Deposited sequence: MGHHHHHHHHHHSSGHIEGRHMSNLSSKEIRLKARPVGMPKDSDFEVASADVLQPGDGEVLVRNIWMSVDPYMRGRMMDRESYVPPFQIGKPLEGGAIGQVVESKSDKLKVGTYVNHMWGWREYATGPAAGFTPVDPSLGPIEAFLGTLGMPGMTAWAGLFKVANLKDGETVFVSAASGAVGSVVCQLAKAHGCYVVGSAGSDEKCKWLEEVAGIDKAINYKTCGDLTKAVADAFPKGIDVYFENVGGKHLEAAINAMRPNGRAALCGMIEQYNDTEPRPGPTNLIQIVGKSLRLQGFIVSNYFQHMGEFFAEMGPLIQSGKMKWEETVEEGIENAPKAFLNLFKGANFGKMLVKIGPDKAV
C-alpha cells in the first residue's frame, strides 16, 4: 500500500560521477515473509568507497548494477517482523541504503544500542569508520598505552577516531590536515598534541621529525606519498604502520633498519571484535572524550548531492 523512494544507478559513471548517473525511482514495499522483516530507513550514509563501487573495473567488492538501487550503510527501525529473532520497533543497521524501505531476512539487520549514542553515529563513530580506526589502532598496529601516534588526514571520519582513541590511551598524538581550520579543530576539539598543515609546513619530512622528538611508534595511514616517507623517516625501531586509505617513498631501506612493520587491512575482517569495540567506544563517547562532526542532507532526493560533495556525510530520510 505504501511507496519507497530509492536511488538507482541510471548509467555507469566514467571517471568522476555525474548527477545524470543517478535516478530517483518509486518502488514497492514488499510485505515480509517468514523469517523476514520490513524496516523504514531513518539515516543513510554516503562514503568514499562507494565511488569505486560505481565503476566497472575489477574490484574486490561487487560493483553496483545499472537499474538497481544503490547500496550503503543505513540505520532504520523495524516496522514489520515475521521473524522471532527480531521484534518490531528495534533500531537496526544494514546495507540497504539509498532507499526509504527495506524488506529482507532478519539476519541482514543488526540491532544498534542507542544508549551508546545517537543512532546516526552508528554510521560513523559507532559504525564502519570508527571500527576501521579501532581495528587499525589495536588489532593491526597493536598500540600499547603511552606510545606516540602519527595520523594522516586526521580530520577525516577515520583519522578523528584514531586520534581520540590514542589520546584516551595516554598517547602523544600528532595529526595531519590540509587547512588551518582542520588543524584548529584537531588541536582544540579532538585534543591532539600538534596538528601539521601539510600544505604550508614546507618540507613535510622535517615537519614530522620536529613534531616527534623521540620518534613515531604507530602510524595510521590515510593519504600516502610523502606522508609515508616522512612517517618512515620519523618512525622508531619496531614502529608499526597500519595502512587504511592511500611516486613511492625513497627511504624504504629503513623498514629493514628499524624493523618496521607495514600492514594494510580492511575493516570487514575485524567485525568479530564489534562487541569489544562497543565496550570501549560507548563510555568514551559519554565522557565527551570521543567527538565527531556531521554534515546532514535532507530528503532521499539529495542522496546524490551529498555523495557528490565528498564532517561525516549523512542523509536523513525518515523521522525518528
query: Which runs of the deposited chain sequence never show up in the coordinates?
result: 1-23, 270-279, 344-349, 360-362
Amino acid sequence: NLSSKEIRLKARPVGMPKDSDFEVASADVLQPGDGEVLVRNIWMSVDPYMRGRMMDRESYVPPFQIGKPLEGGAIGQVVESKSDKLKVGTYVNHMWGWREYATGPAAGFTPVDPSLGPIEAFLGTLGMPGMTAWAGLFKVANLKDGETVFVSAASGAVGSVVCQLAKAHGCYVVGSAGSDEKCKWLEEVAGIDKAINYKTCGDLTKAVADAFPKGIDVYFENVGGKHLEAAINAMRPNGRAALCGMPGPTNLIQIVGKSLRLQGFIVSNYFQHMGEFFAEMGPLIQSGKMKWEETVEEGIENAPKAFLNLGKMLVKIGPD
From here on, numbers count along this sequence of modelled residues.
- line: The stretch whose C-alpha atoms carry the larger average B-factor in the entry, 49-57 or 258-266, is 49-57
- request: Give the stretch, out of 200-208 and 113-121, with the larger mean C-alpha temperature factor in the deposited entry.
  value: 113-121
message: Take the CA temperature factors straight from the PDB entry and tell me which of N222, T132, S176, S81 peaks.
response: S81
- prompt: C-alpha B factor of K184, ranked within the chain: lowest, middle or highest third?
  reply: middle
- prompt: If you rank the chain by CA B-factor, which third does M44 end up in: lowest, middle or highest?
  reply: lowest
- prompt: Comparing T148 with the other modelled residues of its chain, is its CA B-factor in the lowest, middle or highest third?
  reply: lowest
query: Split the chain's modelled residues into thirds by Cα B-factor; is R99 in the lowest, middle or highest one?
result: middle
query: Going by what the PDB entry lists, where does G191 fall on CA B-factor within its chain: lowest, middle or highest third?
result: middle
